[PDB]
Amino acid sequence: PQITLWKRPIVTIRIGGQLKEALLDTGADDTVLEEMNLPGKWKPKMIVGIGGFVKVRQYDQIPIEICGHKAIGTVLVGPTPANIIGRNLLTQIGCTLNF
């Protein structure tokens, strides 16, 4: 689909049977999810947002369905005011910016 930017580009995601909403974010290197229990091992990672660095948990090889497209990759879990789908998964679903 084509998604305009008049409002926040928020779409429905499905992860582990959890139905959620997430922001498609070209300014995000990584995918960052609100607190949820994900399976398998994790390790800390420090990532930077507008207000500086925060510590998050990094889980690898997590499948996520984004607007009906299958993705699988690294998902970070931590203090965020929104679920954010970053470029690591946007590339997987063939997302581009067009103007």
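Note that residue numbering follows the sequence shown and begins at 1.
Of the two stretches examined, 24-32 and 59-67, the record assigns the greater average C-alpha temperature factor to 59-67. Sort the chain's modelled residues by C-alpha temperature factor and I10 lands in the middle third, per the entry. Sort the modelled residues of the chain by CA B factor and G17 lands in the highest third.
Annotation for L38: C-alpha temperature factor in the highest third relative to the rest of the modelled chain, per the entry.
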